[PDB]
>>> print(open('upload.pdb').read())   # PDB, C-alpha atoms
ATOM      1  CA  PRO H   1       3.521 -30.154  11.696
ATOM      2  CA  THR H   2       0.030 -29.852  13.215
ATOM      3  CA  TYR H   3      -0.186 -26.080  12.696
ATOM      4  CA  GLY H   4      -2.562 -24.456  10.250
ATOM      5  CA  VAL H   5      -1.627 -23.562   6.700
ATOM      6  CA  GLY H   6      -1.141 -19.954   7.792
ATOM      7  CA  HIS H   7       1.577 -20.893  10.286
ATOM      8  CA  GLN H   8       3.492 -23.616   8.436
ATOM      9  CA  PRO H   9       7.060 -22.644   7.486
ATOM     10  CA  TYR H  10       7.702 -21.371   3.970
ATOM     11  CA  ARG H  11      11.108 -21.229   2.293
ATOM     12  CA  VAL H  12      11.649 -17.991   0.369
ATOM     13  CA  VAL H  13      14.292 -17.235  -2.272
ATOM     14  CA  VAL H  14      14.587 -13.693  -3.645
ATOM     15  CA  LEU H  15      16.484 -12.996  -6.871
ATOM     16  CA  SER H  16      17.623  -9.413  -7.452
ATOM     17  CA  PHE H  17      19.087  -8.389 -10.805
ATOM     18  CA  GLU H  18      20.825  -5.162 -11.804
ATOM     19  CA  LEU H  19      20.115  -5.135 -15.545
ATOM     20  CA  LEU H  20      22.496  -2.578 -17.018
ATOM     21  CA  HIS H  21      24.706  -1.711 -19.991
ATOM     22  CA  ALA H  22      27.764  -3.071 -18.167
ATOM     23  CA  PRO H  23      29.242  -6.217 -19.767
ATOM     24  CA  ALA H  24      26.991  -8.991 -18.486
ATOM     25  CA  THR H  25      28.628 -11.851 -16.592
ATOM     26  CA  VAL H  26      25.511 -14.061 -16.336
ATOM     27  CA  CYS H  27      23.505 -14.823 -19.480
ATOM     28  CA  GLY H  28      20.699 -17.153 -20.446
ATOM     29  CA  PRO H  29      21.252 -20.143 -22.715
ATOM     30  CA  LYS H  30      21.233 -19.123 -26.383
ATOM     31  CA  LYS H  31      23.181 -19.908 -29.551
ATOM     32  CA  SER H  32      25.773 -17.799 -31.326
ATOM     33  CA  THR H  33      25.830 -17.235 -35.082
ATOM     34  CA  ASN H  34      28.415 -16.197 -37.656
ATOM     35  CA  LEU H  35      28.914 -12.463 -38.102
ATOM     36  CA  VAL H  36      27.348 -10.816 -41.172
ATOM     37  CA  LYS H  37      28.531  -7.394 -42.320
ATOM     38  CA  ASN H  38      27.422  -4.683 -44.756
ATOM     39  CA  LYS H  39      23.746  -5.544 -45.236
ATOM     40  CA  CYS H  40      20.394  -4.864 -43.591
ATOM     41  CA  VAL H  41      20.135  -7.477 -40.822
ATOM     42  CA  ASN H  42      18.364  -8.005 -37.502
ATOM     43  CA  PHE H  43      20.952  -8.272 -34.728
ATOM     44  CA  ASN H  44      20.879  -9.274 -31.054
ATOM     45  CA  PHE H  45      23.898  -8.400 -28.891
ATOM     46  CA  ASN H  46      23.700  -9.585 -25.267
ATOM     47  CA  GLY H  47      19.960  -8.960 -25.195
ATOM     48  CA  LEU H  48      20.154  -5.678 -27.138
ATOM     49  CA  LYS H  49      17.885  -5.942 -30.180
TER      50      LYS H  49
ATOM     51  CA  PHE Y   1     -11.888 -18.476  30.414
ATOM     52  CA  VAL Y   2      -9.450 -20.872  32.113
ATOM     53  CA  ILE Y   3      -8.105 -24.154  30.645
ATOM     54  CA  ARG Y   4      -5.164 -26.542  31.319
ATOM     55  CA  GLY Y   5      -1.772 -25.227  30.089
ATOM     56  CA  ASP Y   6      -1.191 -28.190  27.716
ATOM     57  CA  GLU Y   7      -4.625 -27.656  26.049
ATOM     58  CA  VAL Y   8      -3.582 -24.120  25.070
ATOM     59  CA  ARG Y   9      -2.460 -25.483  21.692
ATOM     60  CA  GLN Y  10      -6.062 -26.462  20.882
ATOM     61  CA  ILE Y  11      -7.189 -22.814  20.562
ATOM     62  CA  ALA Y  12      -6.197 -22.114  16.954
ATOM     63  CA  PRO Y  13      -7.730 -22.206  13.457
ATOM     64  CA  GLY Y  14      -7.785 -25.649  11.885
ATOM     65  CA  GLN Y  15      -7.130 -27.482  15.148
ATOM     66  CA  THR Y  16      -8.781 -30.616  16.528
ATOM     67  CA  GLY Y  17      -8.956 -32.233  19.949
ATOM     68  CA  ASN Y  18     -11.382 -32.131  22.879
ATOM     69  CA  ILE Y  19     -11.625 -28.471  23.913
ATOM     70  CA  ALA Y  20     -11.535 -27.489  20.234
ATOM     71  CA  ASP Y  21     -14.581 -29.472  19.095
ATOM     72  CA  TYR Y  22     -16.606 -29.806  22.327
ATOM     73  CA  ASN Y  23     -16.006 -26.558  24.255
ATOM     74  CA  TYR Y  24     -14.615 -23.769  22.039
ATOM     75  CA  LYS Y  25     -14.076 -23.823  18.268
ATOM     76  CA  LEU Y  26     -12.423 -21.119  16.188
ATOM     77  CA  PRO Y  27     -13.319 -20.650  12.509
ATOM     78  CA  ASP Y  28     -10.874 -21.650   9.800
ATOM     79  CA  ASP Y  29     -10.987 -18.127   8.323
ATOM     80  CA  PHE Y  30     -10.320 -16.464  11.669
ATOM     81  CA  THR Y  31      -8.623 -13.109  12.218
ATOM     82  CA  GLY Y  32      -7.619 -11.815  15.628
ATOM     83  CA  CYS Y  33      -5.263 -12.695  18.461
ATOM     84  CA  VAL Y  34      -5.043 -15.145  21.356
ATOM     85  CA  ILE Y  35      -3.392 -14.286  24.684
ATOM     86  CA  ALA Y  36      -2.703 -16.899  27.363
ATOM     87  CA  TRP Y  37      -0.474 -16.634  30.430
ATOM     88  CA  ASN Y  38       0.211 -18.840  33.433
ATOM     89  CA  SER Y  39      -2.020 -18.186  36.444
ATOM     90  CA  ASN Y  40      -1.071 -20.961  38.861
ATOM     91  CA  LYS Y  41      -0.550 -18.375  41.610
ATOM     92  CA  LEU Y  42      -4.148 -17.115  41.374
ATOM     93  CA  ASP Y  43      -6.373 -20.146  40.647
ATOM     94  CA  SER Y  44      -4.797 -23.031  42.571
ATOM     95  CA  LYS Y  45      -5.925 -24.737  45.780
ATOM     96  CA  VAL Y  46      -3.841 -27.149  47.847
ATOM     97  CA  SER Y  47      -6.862 -29.419  48.257
ATOM     98  CA  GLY Y  48      -7.777 -28.831  44.607
ATOM     99  CA  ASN Y  49     -10.087 -26.377  42.906
TER     100      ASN Y  49
END
>>> encode(input="upload.pdb", output="structure tokens")
Amino acid sequence: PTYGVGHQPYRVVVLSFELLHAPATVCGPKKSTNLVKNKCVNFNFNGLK
Amino acid sequence: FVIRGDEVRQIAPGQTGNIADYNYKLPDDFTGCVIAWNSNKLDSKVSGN
């Protein structure tokens, strides 16, 4: 505990994603909406705008 | 130089003690290396040095 700041232990966590077109298993928290067909709409499918 | 083995922890950035503040002080923003090894075989006298 008496070491300098440059020698004190640091806990490190590394997150590695593999963003891809495969069907995602982990997704952020969002809300679904009813499906609308046959008109000009702005859609968002699993992060694909 | 030569110091007592226990005092070897006082030669480091951000340290305090007796050798650190009265004999040899290293800067907080210090870059380099420190090398210390036991030398009881070379600098010891039975009577006392």
>>> interface_residues(input="upload.pdb", of="chain H", to="chain Y", cutoff="8 Å", atoms="all atoms listed in the file", output="JSON list (two decimals) with C-alpha atoms, in the coordinates of the input")
[["chain", "number", "residue", "atom", "x", "y", "z"],
["H", 2, "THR", "CA", 0.03, -29.85, 13.22],
["H", 3, "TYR", "CA", -0.19, -26.08, 12.70],
["H", 4, "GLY", "CA", -2.56, -24.46, 10.25]]
>>> resolve_selection(input="upload.pdb", expression="the PyMOL selection byres ((chain Y and resi 35-38) around 8)", output="list in words")
residues 5, 8, 33, 34, 39 and 40 of chain Y
>>> write_last_selection(input="upload.pdb", atoms="C-alpha atoms", output="compact mmCIF listing (two decimals), in the coordinates of the input")
# COMPACT_ATOMS: atom_id res chain seq x y z
CA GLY Y 5 -1.77 -25.23 30.09
CA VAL Y 8 -3.58 -24.12 25.07
CA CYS Y 33 -5.26 -12.70 18.46
CA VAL Y 34 -5.04 -15.14 21.36
CA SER Y 39 -2.02 -18.19 36.44
CA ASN Y 40 -1.07 -20.96 38.86
>>> atom_distance(input="upload.pdb", atom1="CA of residue 29 (chain H)", atom2="CA of residue 43 (chain H)")
16.9 Å
>>> atom_distance(input="upload.pdb", atom1="CA of residue 25 (chain Y)", atom2="CA of residue 6 (chain Y)")
16.6 Å
>>> axis_aligned_box(input="upload.pdb", around="region 37-42 of chain Y", padding_each_side="5 Å", output="AutoDock Vina command-line options")
--center_x -2.0 --center_y -18.8 --center_z 36.0 --size_x 14.4 --size_y 14.3 --size_z 21.2
>>> atom_distance(input="upload.pdb", atom1="CA of residue 6 (chain H)", atom2="CA of residue 31 (chain Y)")
11.1 Å
>>> resolve_selection(input="upload.pdb", expression="the PyMOL selection byres ((chain H and resi 33) around 12)", output="MDAnalysis selection string")
chainID H and resid 30:32 34:36 43:45
>>> resolve_selection(input="upload.pdb", expression="the PyMOL selection byres ((chain H and resi 21-27) around 10)", output="PyMOL selection string")
chain H and resi 18-20+28-30+46-48
>>> decode(input="upload.pdb", residues="region 1-48 of chain H", atoms="N, CA and C atoms", output="mmCIF file, in the first residue's frame")
data_model
loop_
_atom_site.group_PDB
_atom_site.id
_atom_site.type_symbol
_atom_site.label_atom_id
_atom_site.label_comp_id
_atom_site.auth_asym_id
_atom_site.auth_seq_id
_atom_site.Cartn_x
_atom_site.Cartn_y
_atom_site.Cartn_z
ATOM 1 N N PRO H 1 0.803 -1.232 0.000
ATOM 2 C CA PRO H 1 0.000 0.000 0.000
ATOM 3 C C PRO H 1 0.828 1.270 0.000
ATOM 4 N N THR H 2 2.104 1.201 0.366
ATOM 5 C CA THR H 2 2.954 2.380 0.438
ATOM 6 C C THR H 2 3.689 2.666 -0.864
ATOM 7 N N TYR H 3 3.423 1.901 -1.919
ATOM 8 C CA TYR H 3 4.066 2.134 -3.201
ATOM 9 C C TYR H 3 3.567 3.434 -3.824
ATOM 10 N N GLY H 4 4.257 3.860 -4.875
ATOM 11 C CA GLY H 4 3.830 5.008 -5.640
ATOM 12 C C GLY H 4 2.620 4.682 -6.495
ATOM 13 N N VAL H 5 2.063 5.732 -7.102
ATOM 14 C CA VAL H 5 0.891 5.556 -7.953
ATOM 15 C C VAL H 5 1.240 4.706 -9.169
ATOM 16 N N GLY H 6 2.490 4.771 -9.619
ATOM 17 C CA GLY H 6 2.905 4.021 -10.789
ATOM 18 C C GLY H 6 3.190 2.558 -10.530
ATOM 19 N N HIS H 7 3.075 2.106 -9.284
ATOM 20 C CA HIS H 7 3.280 0.705 -8.959
ATOM 21 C C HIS H 7 2.117 0.092 -8.197
ATOM 22 N N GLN H 8 1.050 0.845 -7.947
ATOM 23 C CA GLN H 8 -0.121 0.286 -7.299
ATOM 24 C C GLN H 8 -0.879 -0.621 -8.268
ATOM 25 N N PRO H 9 -1.467 -1.706 -7.771
ATOM 26 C CA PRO H 9 -2.174 -2.632 -8.660
ATOM 27 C C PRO H 9 -3.396 -1.992 -9.296
ATOM 28 N N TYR H 10 -3.643 -2.364 -10.549
ATOM 29 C CA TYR H 10 -4.805 -1.906 -11.296
ATOM 30 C C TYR H 10 -5.540 -3.112 -11.852
ATOM 31 N N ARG H 11 -6.853 -3.153 -11.657
ATOM 32 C CA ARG H 11 -7.677 -4.220 -12.202
ATOM 33 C C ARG H 11 -8.160 -3.828 -13.591
ATOM 34 N N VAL H 12 -7.978 -4.725 -14.556
ATOM 35 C CA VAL H 12 -8.243 -4.436 -15.959
ATOM 36 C C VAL H 12 -9.257 -5.439 -16.486
ATOM 37 N N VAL H 13 -10.298 -4.937 -17.149
ATOM 38 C CA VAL H 13 -11.300 -5.768 -17.805
ATOM 39 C C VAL H 13 -11.366 -5.349 -19.265
ATOM 40 N N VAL H 14 -11.221 -6.312 -20.169
ATOM 41 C CA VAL H 14 -11.196 -6.058 -21.604
ATOM 42 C C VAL H 14 -12.406 -6.735 -22.228
ATOM 43 N N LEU H 15 -13.234 -5.953 -22.913
ATOM 44 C CA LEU H 15 -14.397 -6.466 -23.624
ATOM 45 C C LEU H 15 -14.083 -6.507 -25.113
ATOM 46 N N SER H 16 -14.268 -7.669 -25.725
ATOM 47 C CA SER H 16 -14.035 -7.851 -27.148
ATOM 48 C C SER H 16 -15.317 -8.323 -27.816
ATOM 49 N N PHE H 17 -15.832 -7.520 -28.740
ATOM 50 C CA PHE H 17 -17.012 -7.879 -29.509
ATOM 51 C C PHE H 17 -16.609 -8.398 -30.882
ATOM 52 N N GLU H 18 -17.565 -9.035 -31.545
ATOM 53 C CA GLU H 18 -17.400 -9.552 -32.898
ATOM 54 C C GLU H 18 -18.601 -9.168 -33.747
ATOM 55 N N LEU H 19 -18.929 -7.876 -33.721
ATOM 56 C CA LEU H 19 -20.052 -7.313 -34.464
ATOM 57 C C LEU H 19 -20.117 -7.873 -35.878
ATOM 58 N N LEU H 20 -21.249 -8.488 -36.213
ATOM 59 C CA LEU H 20 -21.371 -9.233 -37.456
ATOM 60 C C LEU H 20 -22.847 -9.362 -37.812
ATOM 61 N N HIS H 21 -23.101 -9.842 -39.029
ATOM 62 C CA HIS H 21 -24.450 -10.057 -39.533
ATOM 63 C C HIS H 21 -25.097 -11.325 -38.989
ATOM 64 N N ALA H 22 -24.361 -12.134 -38.231
ATOM 65 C CA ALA H 22 -24.928 -13.313 -37.608
ATOM 66 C C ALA H 22 -26.018 -12.899 -36.619
ATOM 67 N N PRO H 23 -27.001 -13.777 -36.355
ATOM 68 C CA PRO H 23 -28.087 -13.379 -35.449
ATOM 69 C C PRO H 23 -27.583 -13.138 -34.037
ATOM 70 N N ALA H 24 -27.674 -11.885 -33.595
ATOM 71 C CA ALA H 24 -27.064 -11.453 -32.342
ATOM 72 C C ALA H 24 -27.719 -12.163 -31.168
ATOM 73 N N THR H 25 -26.901 -12.609 -30.219
ATOM 74 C CA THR H 25 -27.392 -13.218 -28.991
ATOM 75 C C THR H 25 -27.427 -12.245 -27.822
ATOM 76 N N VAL H 26 -26.600 -11.203 -27.845
ATOM 77 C CA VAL H 26 -26.573 -10.183 -26.805
ATOM 78 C C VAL H 26 -26.954 -8.852 -27.441
ATOM 79 N N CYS H 27 -27.928 -8.170 -26.846
ATOM 80 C CA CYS H 27 -28.444 -6.917 -27.375
ATOM 81 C C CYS H 27 -28.664 -5.928 -26.243
ATOM 82 N N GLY H 28 -28.537 -4.639 -26.559
ATOM 83 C CA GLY H 28 -28.794 -3.609 -25.595
ATOM 84 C C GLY H 28 -30.275 -3.482 -25.290
ATOM 85 N N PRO H 29 -30.591 -2.750 -24.225
ATOM 86 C CA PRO H 29 -31.998 -2.594 -23.835
ATOM 87 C C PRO H 29 -32.733 -1.576 -24.690
ATOM 88 N N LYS H 30 -33.700 -2.043 -25.476
ATOM 89 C CA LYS H 30 -34.538 -1.174 -26.289
ATOM 90 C C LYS H 30 -35.978 -1.650 -26.164
ATOM 91 N N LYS H 31 -36.863 -1.052 -26.956
ATOM 92 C CA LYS H 31 -38.277 -1.392 -26.939
ATOM 93 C C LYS H 31 -38.730 -1.802 -28.331
ATOM 94 N N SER H 32 -39.527 -2.862 -28.395
ATOM 95 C CA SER H 32 -40.105 -3.290 -29.655
ATOM 96 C C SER H 32 -41.323 -2.437 -29.997
ATOM 97 N N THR H 33 -41.782 -2.570 -31.239
ATOM 98 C CA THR H 33 -42.924 -1.818 -31.733
ATOM 99 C C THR H 33 -43.679 -2.685 -32.731
ATOM 100 N N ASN H 34 -44.971 -2.407 -32.885
ATOM 101 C CA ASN H 34 -45.794 -3.177 -33.808
ATOM 102 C C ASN H 34 -45.293 -3.010 -35.237
ATOM 103 N N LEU H 35 -45.491 -4.052 -36.039
ATOM 104 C CA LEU H 35 -44.970 -4.080 -37.399
ATOM 105 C C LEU H 35 -45.906 -3.321 -38.333
ATOM 106 N N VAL H 36 -45.332 -2.470 -39.179
ATOM 107 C CA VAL H 36 -46.074 -1.658 -40.137
ATOM 108 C C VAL H 36 -45.608 -2.034 -41.535
ATOM 109 N N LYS H 37 -46.558 -2.295 -42.429
ATOM 110 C CA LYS H 37 -46.250 -2.809 -43.753
ATOM 111 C C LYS H 37 -46.849 -1.922 -44.835
ATOM 112 N N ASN H 38 -46.163 -1.882 -45.980
ATOM 113 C CA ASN H 38 -46.657 -1.253 -47.206
ATOM 114 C C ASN H 38 -46.780 0.266 -47.074
ATOM 115 N N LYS H 39 -45.758 0.904 -46.508
ATOM 116 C CA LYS H 39 -45.657 2.359 -46.538
ATOM 117 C C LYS H 39 -44.224 2.754 -46.214
ATOM 118 N N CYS H 40 -43.873 3.978 -46.597
ATOM 119 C CA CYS H 40 -42.523 4.495 -46.395
ATOM 120 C C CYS H 40 -42.294 4.738 -44.909
ATOM 121 N N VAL H 41 -41.438 3.923 -44.292
ATOM 122 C CA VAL H 41 -41.176 3.988 -42.861
ATOM 123 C C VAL H 41 -39.674 3.955 -42.619
ATOM 124 N N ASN H 42 -39.275 4.349 -41.412
ATOM 125 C CA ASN H 42 -37.894 4.214 -40.958
ATOM 126 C C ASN H 42 -37.821 3.020 -40.015
ATOM 127 N N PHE H 43 -37.042 2.009 -40.384
ATOM 128 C CA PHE H 43 -36.981 0.774 -39.620
ATOM 129 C C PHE H 43 -35.624 0.606 -38.949
ATOM 130 N N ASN H 44 -35.601 -0.240 -37.919
ATOM 131 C CA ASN H 44 -34.385 -0.571 -37.177
ATOM 132 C C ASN H 44 -34.505 -2.036 -36.770
ATOM 133 N N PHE H 45 -33.693 -2.890 -37.383
ATOM 134 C CA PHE H 45 -33.728 -4.329 -37.141
ATOM 135 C C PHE H 45 -32.390 -4.759 -36.553
ATOM 136 N N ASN H 46 -32.370 -5.009 -35.244
ATOM 137 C CA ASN H 46 -31.184 -5.511 -34.550
ATOM 138 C C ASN H 46 -29.972 -4.611 -34.786
ATOM 139 N N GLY H 47 -30.204 -3.301 -34.759
ATOM 140 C CA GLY H 47 -29.150 -2.341 -35.002
ATOM 141 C C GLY H 47 -28.914 -1.992 -36.454
ATOM 142 N N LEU H 48 -29.671 -2.574 -37.381
ATOM 143 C CA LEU H 48 -29.553 -2.250 -38.798
ATOM 144 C C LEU H 48 -30.595 -1.196 -39.151
#
